Amino acid sequence: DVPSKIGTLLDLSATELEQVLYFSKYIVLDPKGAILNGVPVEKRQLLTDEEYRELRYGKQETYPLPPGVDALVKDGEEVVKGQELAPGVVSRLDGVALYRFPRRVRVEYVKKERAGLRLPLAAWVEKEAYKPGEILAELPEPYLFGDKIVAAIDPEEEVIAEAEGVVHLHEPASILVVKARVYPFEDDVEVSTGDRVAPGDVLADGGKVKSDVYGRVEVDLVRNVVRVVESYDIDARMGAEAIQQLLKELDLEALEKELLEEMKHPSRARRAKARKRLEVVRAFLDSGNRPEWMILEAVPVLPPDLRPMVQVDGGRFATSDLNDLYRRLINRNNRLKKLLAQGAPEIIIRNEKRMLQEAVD
Amino acid sequence: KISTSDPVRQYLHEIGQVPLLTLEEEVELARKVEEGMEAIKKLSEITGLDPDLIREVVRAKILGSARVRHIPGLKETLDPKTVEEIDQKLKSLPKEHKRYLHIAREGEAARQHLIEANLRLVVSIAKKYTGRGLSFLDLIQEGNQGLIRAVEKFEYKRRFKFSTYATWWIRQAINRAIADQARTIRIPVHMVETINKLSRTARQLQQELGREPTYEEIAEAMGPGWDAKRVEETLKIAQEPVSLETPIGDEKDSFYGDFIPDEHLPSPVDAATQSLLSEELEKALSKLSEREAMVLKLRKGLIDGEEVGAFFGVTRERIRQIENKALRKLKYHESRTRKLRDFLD
Ligand SMILES: [Mg+2]
Ligand SMILES: [Mg+2]
Ligand SMILES: [Mg+2]
Ligand SMILES: [Mg+2]
Ligand SMILES: [Mg+2]
Ligand SMILES: [Mg+2]
Ligand SMILES: [Mg+2]
Ligand SMILES: [Mg+2]
Ligand SMILES: [Mg+2]
Ligand SMILES: [Mg+2]
Ligand SMILES: [Mg+2]
Ligand SMILES: [Mg+2]
Ligand SMILES: [Mg+2]
Ligand SMILES: [Mg+2]
Ligand SMILES: [Mg+2]
Ligand SMILES: [Mg+2]
Ligand SMILES: [Mg+2]
Ligand SMILES: [Mg+2]
Ligand SMILES: [Mg+2]
Ligand SMILES: [Mg+2]
Ligand SMILES: [Mg+2]
Ligand SMILES: [Mg+2]
Ligand SMILES: [Mg+2]
Ligand SMILES: [Mg+2]
Ligand SMILES: [Mg+2]
Ligand SMILES: [Mg+2]
Ligand SMILES: [Mg+2]
Ligand SMILES: [Mg+2]
Ligand SMILES: [Mg+2]
Ligand SMILES: [Mg+2]
Ligand SMILES: [Mg+2]
Ligand SMILES: [Mg+2]
Ligand SMILES: [Mg+2]
Ligand SMILES: [Mg+2]
Ligand SMILES: [Mg+2]
Ligand SMILES: [Mg+2]
Ligand SMILES: [Mg+2]
Ligand SMILES: [Mg+2]
Ligand SMILES: [Mg+2]
Ligand SMILES: [Mg+2]
Ligand SMILES: [Mg+2]
Ligand SMILES: [Mg+2]
Ligand SMILES: [Mg+2]
Ligand SMILES: [Mg+2]
Ligand SMILES: [Mg+2]
Ligand SMILES: [Mg+2]
Ligand SMILES: [Mg+2]
Ligand SMILES: [Mg+2]
């Protein structure tokens, strides 16, 4: 309605802040969300997919993966494992791989020039080290005069029974801007955060785990590398969900008194806005019913004989056009539920919540 | 702002920032998905917990907080205390089995970077089953559900990659959706193909006679057991519901619904009949005795239209006895004080 009845009361951009989070995804920080954009958490403010993406995973998802096999696979690697890469890490080989953001590095796959210091994959391939304790002798001719394989004997991401389970390819140099901890320790004041030397790992796993102000925890049992990324429980929400919340947490009385003040004292402009905002709050607050209801979580369905299914001519049936919209709503709703269960990639849930939203219109 | 474009920009944007590498990234995530399964089963093994419980606890720890579990499925799992207890045993699993907990999680997450990357696959496919009677967004979405279906079964051991795989697992999901939701009145997949066949046959027959086929053609050309009663029936089921609301006559405010009469409602002549019929029948029923009149009055009037089973202890011959002798005296005086004859129907 011109005056947004939910915008006038919830001081949100009366007509556009709503449109923004209602139908698509422009998240409104509902409760606390401690970490910065540059300034404090936006109590009642709205951010984008992109900056929000930059809030949860950490500031930088850079996936620079190299060409061919030798040049960049070498510059990247010598400076990749644990070597805290600074910003503008100028990797040296094609063009100039440019790692322009923050804290530690994880490179992804190797090919076959020289094999040193890498994880358990190749170990079983060249039996010597996984079979017995040969790896040392594996360095080949100067040992007569942790990993360190032969001078250059293996090629791809394979399993060597017969070379049968394989995969010949690329090598990502994905900089993960996060802080990597190898030997955390146990201090019991709050419950034990993060990790113990090597034995106990109390951190939740490579998914969601909140330790100190930094809040994500990935785990790499290769070295005891408890990858701790940094954002917190930022209650980011979009759609009716975020407005049902916001509408419950409001004591109209407070807004009635505040507006009383805003109304008579400051100059016209903002006080003028408050008097038009005091109307709805007072009505809600007078003999009128209470305002959490503007939200619909349970859709009434008009009578059956009122939306007939009639036999017209031969086989022609005829029904009240409402039944097509009702199927709309019902199907979407159910597909929604099924898509939440089956597992939920984010875009697809939104895309549907969107469709469902419109249907309810 | 008009929907299709936003979604398209949305998942095309994320694909843009992350397609999956032909091999490396489809293989990587696949392998993690599987070890997740292998991990969750072994987890049930050691915990006595149902693989369903292990699956929802790891999903809550990876996909979302109390928020997710409480609103979607209503509260059977306690929001905080319950799943937390489950994660606790997961921790207590020593070096050996903790491994699986840490794997299950990463596997679940892996499952997601694979589903994101292949949303363009869906849309491109879904872009062709467009004019069936489903919304593009509805279509892509069911197809999306199919791709997730594919993720469950992909065996990376068998070398073929996810592309050709999602293609089938999606095309199935979409063809079902189109058959299950595209109509206002649910028809089986057999009656759908049947209709398509009938339609296609009518097409071939519209190829040469210059006679939109008498349904004689249709039966022949379709095959074995097709006859006229059939095709007439089929095309009658084909036609879609016309609108109870449609322009009428010399198109103006006349809406189609005022034209259609009503049939359960007693139009005043019927309420009047019921009154007289009830009072007159009720007067007669009183001038009989209860036993076999109430038996046939209730047996007929009260419940379901059983001579033997109609009367209590008393057998058939007292039934018929009274049935037919009270029934006739009731008629024969109803004949004298004629109240009932004018047929009230
Ligand atoms: Mg916070
Ligand atoms: Mg993460
Ligand atoms: Mg070479
Ligand atoms: Mg390292
Ligand atoms: Mg060049
Ligand atoms: Mg750059
Ligand atoms: Mg940093
Ligand atoms: Mg190698
Ligand atoms: Mg190793
Ligand atoms: Mg390897
Ligand atoms: Mg060797
Ligand atoms: Mg020697
Ligand atoms: Mg070599
Ligand atoms: Mg090869
Ligand atoms: Mg290769
Ligand atoms: Mg510490
Ligand atoms: Mg601490
Ligand atoms: Mg321990
Ligand atoms: Mg924990
Ligand atoms: Mg550890
Ligand atoms: Mg006052
Ligand atoms: Mg007041
Ligand atoms: Mg009907
Ligand atoms: Mg109507
Ligand atoms: Mg695996
Ligand atoms: Mg055992
Ligand atoms: Mg047991
Ligand atoms: Mg949710
Ligand atoms: Mg609750
Ligand atoms: Mg609810
Ligand atoms: Mg308690
Ligand atoms: Mg399936
Ligand atoms: Mg193979
Ligand atoms: Mg493809
Ligand atoms: Mg069939
Ligand atoms: Mg005929
Ligand atoms: Mg047949
Ligand atoms: Mg017809
Ligand atoms: Mg009308
Ligand atoms: Mg009627
Ligand atoms: Mg009728
Ligand atoms: Mg009677
Ligand atoms: Mg009976
Ligand atoms: Mg009996
Ligand atoms: Mg008489
Ligand atoms: Mg007499
Ligand atoms: Mg007579
Ligand atoms: Mg008479």
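Calculation criteria
Residues numbered from 1 in each chain as written, not as in the entry; some residues may be left out. Chains lettered and ligands numbered in written order. Part of a larger assembly, values for the part shown. Heavy atoms only, no water. Residues with missing side-chain atoms left out of burial classes, pairs and counts. Helix = DSSP H or I, 4+ residues; strand = E, 2+ residues; numbered from the N terminus. Rg over C-alpha atoms; globule rule 2.2 N^0.38 Å. Buried < 20%, exposed > 50% of the residue type's maximum accessible area, 1.4 Å probe, protein only. Arc of directions from axis to C-beta. Contact = heavy atoms within 4.5 Å. Axes fitted to C-alpha atoms, helices over the stretch in contact; angles between N-to-C directions. Parallel < 35°, antiparallel > 145°, perpendicular 65-115°, else oblique. Left-handed = near helix turned anticlockwise from the far one by under 90°. Nonpolar A, V, L, I, M, F, W, Y, C, P; charged D, E, K, R; others polar. Pairing = 2+ DSSP bridges. Core = buried A, V, L, I, M, F, W, Y, C linked by side-chain atoms within 4.5 Å. Salt bridge = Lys/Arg side-chain N within 4 Å of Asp/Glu carboxyl O. Domains from an automatic or database assignment.

This deposited entry lists X-ray crystallography as its structure determination method and 2.6 Å as its resolution.

The name that the PDB entry assigns to chain B is RNA polymerase sigma-70 subunit, with the source organism given as Thermus thermophilus. Within the Protein Data Bank, this record goes by the title "Crystal structure of the RNA polymerase holoenzyme from Thermus thermophilus at 2.6A resolution".

Going by the annotation in the PDB entry, the name recorded for chain A is RNA polymerase beta subunit, with Thermus thermophilus given as the source organism.

So, about the overall build of chain A. The helix and strand inventory of chain A stands at 11 helices and 12 strands. In terms of overall dimensions, chain A is more spread out than a globule: its C-alpha atoms have a radius of gyration of 30 Å, far above the 21 Å expected for 361 residues. Along the longest, intermediate and shortest principal axes, the C-alpha atoms of chain A span 95 × 75 × 45 Å.

With that settled, the discussion passes to helix α11 (residues 215-222) of chain B. Residue and element names in this part refer to chain B. Every buried residue of α11 is accounted for by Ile218, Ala219 and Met222. Here the buried residues of α11 occupy an arc of 95° about the axis, which is enough to place them on one side. Looking at the buried positions of α11, the neighbouring elements they touch are α10 (189-205) and α12 (228-238). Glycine 223 sits one or two residues past α11 and shows a positive phi near 145°.

Okay, the packing of helix α8 (residues 252-264) of chain A against helix α9 (residues 268-284) of chain A next. All names here are of chain A. At a minimum axis separation of 8 Å, α8 and α9 run at an interaxial angle of 150°. Between α8 and α9, the interaxial angle falls into the category roughly antiparallel. Between α8 and α9 lies a crossing of left-handed hand. Contact residues: α8 offers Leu252, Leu255, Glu256, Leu259, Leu260, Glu262, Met263 and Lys264, while α9 offers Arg270, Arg271, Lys273, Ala274, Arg275, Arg277, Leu278, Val281, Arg282 and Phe284. Considered class by class, the residues forming the contact of α8 with α9 number 9 nonpolar, no polar and 9 charged.

Facing 64 residues of chain A, the contacting portion of chain B comprises 60 residues. Examining the composition of the side of chain A that touches chain B, we find that 10 residues originate from one element, helix α10 (residues 322-341) of chain A, more than from any other. Taken together, the residues of the side of chain A that touches chain B sort by class into 26 nonpolar, 14 polar and 24 charged. The sheet contact formed by strand β12 (residues 317-319) of chain A and strand β1 (residues 242-243) of chain B spans 2 bridges and is parallel. Within β1 of chain B, the position partnered with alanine 318 of chain A by the bridge is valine 242 of chain B.

We now examine the sheet that holds strand β11 (residues 309-311) of chain A. The strand order across the open sheet formed by 3 strands is β11(A)-β12(A)-β1(B), and the pairing between neighbours is mixed. With one partner strand each, in any of the chains shown, β11 of chain A together with β1 of chain B form the two edges of the open sheet. Pairing of β11 of chain A with β12 of chain A, which is carried by 3 bridges, proceeds in the antiparallel orientation. Within the sheet, the bridge partner assigned to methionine 309 of chain A lies in β12 of chain A and is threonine 319 of chain A.

All right, on to the nonpolar core then. Ranked by internal contacts, the top residues of the largest apolar core, which has 37 residues, are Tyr11, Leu119, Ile140, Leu147, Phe162, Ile170 and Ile174 of chain B. For this core, the secondary structure elements donating two or more residues are α11 (346-360) of chain A together with α1 (5-17), α2 (24-47), α6 (95-117), α7 (119-126), α8 (136-153) and α9 (162-180) of chain B. Ignoring sequence-local partners within four residues, the contact set of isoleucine 174 of chain B consists of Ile125, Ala126, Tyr129, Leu139 and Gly143 of chain B. If you look at the next biggest cluster of nonpolar residues, it comprises 32 residues, including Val41, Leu55, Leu259 and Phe284 of chain A.

All names here are of chain A. This model, assessed by the stated rule, comprises 33 salt bridges over all chains. In this structure, the salt-bridge partner of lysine 210 is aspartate 233, at a minimum N-O distance of 2.7 Å. With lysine 210 in the loop between β7 (179-181) and β8 (216-220) and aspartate 233 in the loop between β9 (225-229) and β10 (236-237), this residue pair connects regions lying 23 residues apart in the sequence. Each of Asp11, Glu262, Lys273 and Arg277 takes part in a single network of salt bridges with overlapping partners.

Each assigned domain of chain B is listed here: domain 1 (1-183), domain 2 (187-240) and domain 3 (266-342). Of note, the centres of domain 2 of chain B and domain 3 of chain B, computed from C-alpha atoms alone, are 52 Å apart.

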